[PDB]
$ cat start.csv   # CSV, N, CA and C atoms
chain,number,residue,atom,x,y,z
A,74,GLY,N,0.8,-1.2,0.0
A,74,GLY,CA,0.0,0.0,0.0
A,74,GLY,C,0.8,1.3,0.0
A,75,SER,N,0.3,2.4,0.5
A,75,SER,CA,1.0,3.6,0.5
A,75,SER,C,2.4,3.4,0.8
A,76,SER,N,3.3,4.3,0.3
A,76,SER,CA,4.7,4.2,0.5
A,76,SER,C,5.2,5.2,1.5
A,77,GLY,N,4.4,5.3,2.6
A,77,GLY,CA,4.7,6.2,3.7
A,77,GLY,C,4.5,7.7,3.3
A,78,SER,N,5.0,8.6,4.1
A,78,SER,CA,4.9,10.0,3.8
A,78,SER,C,6.2,10.8,4.2
A,79,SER,N,6.8,11.4,3.3
A,79,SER,CA,8.0,12.2,3.5
A,79,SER,C,7.8,13.6,3.0
A,80,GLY,N,8.6,14.5,3.7
A,80,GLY,CA,8.5,15.9,3.3
A,80,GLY,C,9.8,16.7,3.6
A,81,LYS,N,9.6,17.9,4.1
A,81,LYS,CA,10.7,18.7,4.5
A,81,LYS,C,10.6,19.2,6.0
A,82,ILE,N,11.3,18.5,6.9
A,82,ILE,CA,11.3,18.9,8.3
A,82,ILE,C,11.4,20.4,8.5
A,83,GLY,N,10.8,20.9,9.6
A,83,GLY,CA,10.9,22.3,9.9
A,83,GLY,C,9.9,22.7,10.9
A,84,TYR,N,10.2,22.4,12.2
A,84,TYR,CA,9.3,22.7,13.3
A,84,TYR,C,9.5,24.2,13.7
A,85,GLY,N,8.9,25.1,13.0
A,85,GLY,CA,9.0,26.5,13.3
A,85,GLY,C,8.5,26.8,14.7
A,86,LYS,N,8.5,28.1,15.1
A,86,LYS,CA,8.1,28.5,16.4
A,86,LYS,C,6.6,28.1,16.7
A,87,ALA,N,6.3,27.9,17.9
A,87,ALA,CA,5.0,27.5,18.3
A,87,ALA,C,4.8,27.7,19.8
A,88,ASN,N,3.7,28.4,20.2
A,88,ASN,CA,3.4,28.7,21.6
A,88,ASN,C,3.0,27.4,22.3
A,89,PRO,N,3.4,27.3,23.6
A,89,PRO,CA,3.1,26.1,24.4
A,89,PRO,C,1.6,26.0,24.8
A,90,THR,N,1.1,24.8,24.7
A,90,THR,CA,-0.3,24.6,25.0
A,90,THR,C,-0.5,23.2,25.6
A,91,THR,N,-1.6,23.1,26.5
A,91,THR,CA,-1.9,21.8,27.1
A,91,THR,C,-1.8,20.7,26.1
A,92,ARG,N,-2.3,20.9,24.9
A,92,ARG,CA,-2.3,19.9,23.9
A,92,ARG,C,-0.9,19.6,23.3
A,93,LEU,N,-0.6,18.4,23.0
A,93,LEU,CA,0.7,18.0,22.4
A,93,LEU,C,0.6,17.1,21.2
A,94,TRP,N,1.3,17.4,20.2
A,94,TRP,CA,1.3,16.6,19.0
A,94,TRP,C,2.4,15.5,19.0
A,95,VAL,N,1.9,14.2,19.2
A,95,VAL,CA,2.8,13.1,19.2
A,95,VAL,C,2.8,12.3,17.9
A,96,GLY,N,4.0,12.0,17.4
A,96,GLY,CA,4.1,11.3,16.1
A,96,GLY,C,5.0,10.1,16.2
A,97,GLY,N,5.6,9.7,15.0
A,97,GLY,CA,6.5,8.6,15.0
A,97,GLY,C,5.9,7.3,15.5
A,98,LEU,N,4.6,7.2,15.5
A,98,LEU,CA,3.9,6.0,16.0
A,98,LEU,C,3.7,5.0,14.9
A,99,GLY,N,3.8,3.7,15.3
A,99,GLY,CA,3.6,2.7,14.3
A,99,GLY,C,2.7,1.6,14.8
A,100,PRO,N,2.6,0.5,14.0
A,100,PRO,CA,1.9,-0.7,14.3
A,100,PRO,C,2.4,-1.5,15.5
A,101,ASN,N,3.6,-1.0,16.0
A,101,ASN,CA,4.3,-1.6,17.1
A,101,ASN,C,4.0,-0.9,18.4
A,102,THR,N,4.2,0.4,18.4
A,102,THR,CA,4.0,1.2,19.6
A,102,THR,C,2.6,1.0,20.1
A,103,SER,N,2.5,0.9,21.5
A,103,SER,CA,1.2,0.6,22.1
A,103,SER,C,0.8,1.9,23.0
A,104,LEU,N,-0.4,2.4,22.7
A,104,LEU,CA,-0.9,3.6,23.4
A,104,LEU,C,-0.7,3.4,24.9
A,105,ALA,N,-1.2,2.3,25.5
A,105,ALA,CA,-1.1,2.1,26.9
A,105,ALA,C,0.3,2.4,27.4
A,106,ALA,N,1.3,1.7,26.8
A,106,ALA,CA,2.7,2.0,27.1
A,106,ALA,C,3.0,3.5,27.3
A,107,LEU,N,2.6,4.3,26.3
A,107,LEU,CA,2.8,5.7,26.4
A,107,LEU,C,2.0,6.3,27.5
A,108,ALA,N,0.7,6.1,27.4
A,108,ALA,CA,-0.2,6.7,28.4
A,108,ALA,C,0.4,6.7,29.8
A,109,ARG,N,1.2,5.7,30.1
A,109,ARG,CA,1.9,5.6,31.4
A,109,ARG,C,3.1,6.5,31.4
A,110,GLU,N,4.0,6.4,30.3
A,110,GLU,CA,5.2,7.2,30.3
A,110,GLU,C,4.8,8.7,30.3
A,111,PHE,N,3.7,9.1,29.7
A,111,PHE,CA,3.3,10.5,29.7
A,111,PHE,C,2.7,10.9,31.0
A,112,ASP,N,1.8,10.1,31.5
A,112,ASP,CA,1.1,10.3,32.8
A,112,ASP,C,2.2,10.7,33.9
A,113,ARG,N,3.3,9.9,33.9
A,113,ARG,CA,4.3,10.1,34.9
A,113,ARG,C,4.5,11.6,35.1
A,114,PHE,N,4.3,12.4,34.1
A,114,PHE,CA,4.4,13.9,34.2
A,114,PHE,C,3.3,14.5,35.0
A,115,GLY,N,2.1,14.4,34.4
A,115,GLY,CA,0.9,15.0,35.1
A,115,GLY,C,-0.4,14.3,34.7
A,116,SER,N,-1.4,14.4,35.6
A,116,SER,CA,-2.7,13.8,35.3
A,116,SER,C,-3.2,14.1,33.9
A,117,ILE,N,-3.1,13.1,33.0
A,117,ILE,CA,-3.5,13.3,31.6
A,117,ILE,C,-5.0,13.6,31.5
A,118,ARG,N,-5.3,14.7,30.9
A,118,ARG,CA,-6.7,15.1,30.8
A,118,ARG,C,-7.4,14.3,29.7
A,119,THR,N,-6.9,14.2,28.5
A,119,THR,CA,-7.5,13.4,27.5
A,119,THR,C,-6.4,12.8,26.6
A,120,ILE,N,-6.8,11.8,25.8
A,120,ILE,CA,-5.8,11.1,24.9
A,120,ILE,C,-6.5,10.8,23.5
A,121,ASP,N,-5.7,10.8,22.5
A,121,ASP,CA,-6.2,10.5,21.1
A,121,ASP,C,-5.3,9.6,20.4
A,122,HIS,N,-5.8,8.5,19.9
A,122,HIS,CA,-5.0,7.5,19.1
A,122,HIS,C,-5.4,7.5,17.6
A,123,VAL,N,-4.5,7.8,16.7
A,123,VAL,CA,-4.8,7.8,15.3
A,123,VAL,C,-3.7,7.1,14.5
A,124,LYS,N,-4.2,6.1,13.7
A,124,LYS,CA,-3.2,5.3,12.9
A,124,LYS,C,-3.0,6.0,11.6
A,125,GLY,N,-4.1,6.5,10.9
A,125,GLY,CA,-4.0,7.1,9.6
A,125,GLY,C,-2.7,7.9,9.5
A,126,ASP,N,-2.6,9.0,10.2
A,126,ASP,CA,-1.4,9.8,10.2
A,126,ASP,C,-0.4,9.4,11.3
A,127,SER,N,-0.8,8.6,12.2
A,127,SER,CA,0.1,8.1,13.2
A,127,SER,C,0.4,9.2,14.2
A,128,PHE,N,-0.7,10.0,14.5
A,128,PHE,CA,-0.5,11.1,15.5
A,128,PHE,C,-1.4,10.8,16.7
A,129,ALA,N,-0.9,11.4,17.9
A,129,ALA,CA,-1.6,11.2,19.1
A,129,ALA,C,-1.7,12.5,19.9
A,130,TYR,N,-2.9,12.9,20.3
A,130,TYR,CA,-3.1,14.1,21.0
A,130,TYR,C,-3.5,13.8,22.5
A,131,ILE,N,-2.7,14.3,23.4
A,131,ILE,CA,-2.9,14.2,24.8
A,131,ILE,C,-3.0,15.5,25.5
A,132,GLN,N,-4.2,15.7,26.2
A,132,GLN,CA,-4.4,16.9,26.9
A,132,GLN,C,-4.0,16.8,28.4
A,133,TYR,N,-3.6,18.0,29.0
A,133,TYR,CA,-3.2,18.0,30.4
A,133,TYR,C,-3.9,19.0,31.2
A,134,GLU,N,-4.4,18.6,32.4
A,134,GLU,CA,-5.1,19.5,33.2
A,134,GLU,C,-4.4,20.9,33.4
A,135,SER,N,-3.1,20.8,33.4
A,135,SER,CA,-2.3,22.1,33.5
A,135,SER,C,-1.4,22.2,32.3
A,136,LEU,N,-0.9,23.4,32.0
A,136,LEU,CA,0.0,23.7,30.9
A,136,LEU,C,1.4,23.2,31.3
A,137,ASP,N,1.9,23.7,32.4
A,137,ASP,CA,3.2,23.3,32.8
A,137,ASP,C,3.5,21.8,32.5
A,138,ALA,N,2.7,21.0,33.1
A,138,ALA,CA,2.9,19.5,32.9
A,138,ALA,C,3.0,19.2,31.5
A,139,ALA,N,2.1,19.7,30.6
A,139,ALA,CA,2.2,19.5,29.2
A,139,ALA,C,3.6,19.8,28.6
A,140,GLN,N,4.1,20.9,29.0
A,140,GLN,CA,5.4,21.3,28.5
A,140,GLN,C,6.5,20.3,28.9
A,141,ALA,N,6.5,20.0,30.2
A,141,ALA,CA,7.4,19.0,30.8
A,141,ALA,C,7.5,17.8,29.9
A,142,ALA,N,6.4,17.1,29.6
A,142,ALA,CA,6.3,15.9,28.8
A,142,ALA,C,6.8,16.2,27.4
A,143,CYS,N,6.3,17.3,26.8
A,143,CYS,CA,6.7,17.7,25.5
A,143,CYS,C,8.2,17.6,25.3
A,144,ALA,N,8.9,18.4,26.1
A,144,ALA,CA,10.4,18.4,26.0
A,144,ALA,C,11.0,17.0,26.4
A,145,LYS,N,10.7,16.6,27.7
A,145,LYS,CA,11.2,15.3,28.2
A,145,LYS,C,11.0,14.2,27.1
A,146,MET,N,9.8,14.0,26.7
A,146,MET,CA,9.5,13.0,25.7
A,146,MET,C,10.3,13.3,24.4
A,147,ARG,N,10.3,14.5,24.0
A,147,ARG,CA,11.0,14.9,22.8
A,147,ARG,C,12.3,14.1,22.6
A,148,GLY,N,12.2,13.0,21.8
A,148,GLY,CA,13.4,12.2,21.5
A,148,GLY,C,13.6,11.2,22.6
A,149,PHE,N,12.5,10.6,23.1
A,149,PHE,CA,12.6,9.6,24.2
A,149,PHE,C,12.9,8.2,23.6
A,150,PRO,N,13.7,7.5,24.4
A,150,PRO,CA,14.2,6.1,24.0
A,150,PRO,C,13.0,5.1,24.0
A,151,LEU,N,12.4,4.9,22.9
A,151,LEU,CA,11.3,3.9,22.8
A,151,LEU,C,11.4,3.1,21.5
A,152,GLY,N,11.7,1.8,21.6
A,152,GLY,CA,11.8,1.0,20.5
A,152,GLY,C,13.2,0.7,20.1
A,153,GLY,N,13.5,0.8,18.8
A,153,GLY,CA,14.9,0.6,18.3
A,153,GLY,C,15.9,1.5,19.0
A,154,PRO,N,17.2,1.3,18.6
A,154,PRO,CA,18.3,2.2,19.2
A,154,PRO,C,18.2,3.6,18.6
A,155,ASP,N,18.1,3.7,17.3
A,155,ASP,CA,18.1,5.0,16.6
A,155,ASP,C,16.6,5.4,16.4
A,156,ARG,N,15.7,4.7,17.1
A,156,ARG,CA,14.3,5.1,17.0
A,156,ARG,C,13.9,5.9,18.2
A,157,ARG,N,13.5,7.2,18.0
A,157,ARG,CA,13.1,8.0,19.1
A,157,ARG,C,11.7,8.6,18.8
A,158,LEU,N,11.0,9.0,19.8
A,158,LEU,CA,9.7,9.6,19.7
A,158,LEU,C,9.8,11.1,19.3
A,159,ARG,N,8.8,11.6,18.5
A,159,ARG,CA,8.8,13.0,18.0
A,159,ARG,C,7.6,13.7,18.6
A,160,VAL,N,7.8,14.7,19.4
A,160,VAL,CA,6.8,15.4,20.0
A,160,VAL,C,6.9,16.9,19.7
A,161,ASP,N,5.8,17.6,19.5
A,161,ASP,CA,5.7,19.0,19.1
A,161,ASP,C,4.5,19.7,19.7
A,162,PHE,N,4.6,21.0,19.8
A,162,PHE,CA,3.5,21.8,20.4
A,162,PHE,C,2.5,22.1,19.4
A,163,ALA,N,1.3,21.5,19.6
A,163,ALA,CA,0.1,21.7,18.7
A,163,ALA,C,-0.6,23.0,19.0
A,164,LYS,N,-0.1,24.2,18.6
A,164,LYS,CA,-0.7,25.5,18.9
A,164,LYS,C,-2.1,25.5,18.3
A,165,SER,N,-2.2,25.3,17.0
A,165,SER,CA,-3.5,25.3,16.3
A,165,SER,C,-4.5,24.5,17.1
A,166,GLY,N,-5.6,25.2,17.4
A,166,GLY,CA,-6.7,24.6,18.2
A,166,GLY,C,-7.5,25.6,19.0
A,167,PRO,N,-8.5,26.3,18.3
A,167,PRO,CA,-9.3,27.3,19.0
A,167,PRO,C,-10.2,26.7,20.0
A,168,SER,N,-10.4,27.4,21.2
A,168,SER,CA,-11.3,26.9,22.2
A,168,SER,C,-12.1,28.0,22.8
A,169,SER,N,-13.2,27.7,23.5
A,169,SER,CA,-14.1,28.7,24.1
A,169,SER,C,-14.0,28.6,25.6
A,170,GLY,N,-14.1,29.8,26.2
A,170,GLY,CA,-14.1,29.8,27.7
A,170,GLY,C,-14.8,31.0,28.2
$ encode --input "start.csv" --output "structure tokens"
Amino acid sequence: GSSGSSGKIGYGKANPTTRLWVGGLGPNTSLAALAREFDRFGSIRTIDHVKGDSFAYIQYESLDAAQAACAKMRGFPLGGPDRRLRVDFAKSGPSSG
């Protein structure tokens, strides 16, 4: 099937938000496993598992916690030796309050 998806890396500036964009996921990585690794940071508000694009969205009751995981996880040792997790700040996302 599809031959994967490749482009031109470039994680420009992005304001910190409770929401976090997690990628580099595959048919091997198990949500549960992560849910625990991420939780270690702070009480996870919400979680989202998507195979299509292989992205995961995890909300945090507090912003601080979100950031901690974002950076900490950023390039976390999970799976192969040269295989690391890719996390970024998902600014895009309008909300009402």
$ select_by_dssp --input "start.csv" --residues "chain A" --states "helix (DSSP H, G or I)" --output "list in words"
residues 104, 105, 106, 107, 108, 109, 110, 111, 112, 136, 137, 138, 139, 140, 141, 142, 143, 144, 145 and 146 of chain A
$ closest_residue --input "start.csv" --among "A:164, A:124, A:81, A:159" --to "residue 96 of chain A" --atoms "only N, CA and C atoms"
A:159
$ atom_distance --input "start.csv" --atom1 "atom CA of residue 117 of chain A" --atom2 "atom C of residue 149 of chain A"
18.9 Å
$ closest_residue --input "start.csv" --among "A:152, A:74, A:92, A:125" --to "residue 106 of chain A" --atoms "only C-alpha atoms"
A:152
$ residues_around --input "start.csv" --residues "residue 138 of chain A" --least-positions-apart "2" --cutoff "8 Å" --atoms "all atoms listed in the file" --output "PyMOL selection string"
chain A and resi 90-91+114-116+133-136+140-143
$ write_last_selection --input "start.csv" --atoms "N, CA and C atoms" --output "tab-separated table (two decimals), keeping the file's coordinate frame"
chain	number	residue	atom	x	y	z
A	90	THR	N	1.10	24.80	24.70
A	90	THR	CA	-0.30	24.60	25.00
A	90	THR	C	-0.50	23.20	25.60
A	91	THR	N	-1.60	23.10	26.50
A	91	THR	CA	-1.90	21.80	27.10
A	91	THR	C	-1.80	20.70	26.10
A	114	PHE	N	4.30	12.40	34.10
A	114	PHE	CA	4.40	13.90	34.20
A	114	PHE	C	3.30	14.50	35.00
A	115	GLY	N	2.10	14.40	34.40
A	115	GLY	CA	0.90	15.00	35.10
A	115	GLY	C	-0.40	14.30	34.70
A	116	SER	N	-1.40	14.40	35.60
A	116	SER	CA	-2.70	13.80	35.30
A	116	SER	C	-3.20	14.10	33.90
A	133	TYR	N	-3.60	18.00	29.00
A	133	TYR	CA	-3.20	18.00	30.40
A	133	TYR	C	-3.90	19.00	31.20
A	134	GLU	N	-4.40	18.60	32.40
A	134	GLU	CA	-5.10	19.50	33.20
A	134	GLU	C	-4.40	20.90	33.40
A	135	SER	N	-3.10	20.80	33.40
A	135	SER	CA	-2.30	22.10	33.50
A	135	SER	C	-1.40	22.20	32.30
A	136	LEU	N	-0.90	23.40	32.00
A	136	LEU	CA	0.00	23.70	30.90
A	136	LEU	C	1.40	23.20	31.30
A	140	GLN	N	4.10	20.90	29.00
A	140	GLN	CA	5.40	21.30	28.50
A	140	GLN	C	6.50	20.30	28.90
A	141	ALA	N	6.50	20.00	30.20
A	141	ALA	CA	7.40	19.00	30.80
A	141	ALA	C	7.50	17.80	29.90
A	142	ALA	N	6.40	17.10	29.60
A	142	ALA	CA	6.30	15.90	28.80
A	142	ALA	C	6.80	16.20	27.40
A	143	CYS	N	6.30	17.30	26.80
A	143	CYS	CA	6.70	17.70	25.50
A	143	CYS	C	8.20	17.60	25.30
$ atom_distance --input "start.csv" --atom1 "atom CA of residue 121 of chain A" --atom2 "atom CA of residue 154 of chain A"
25.9 Å
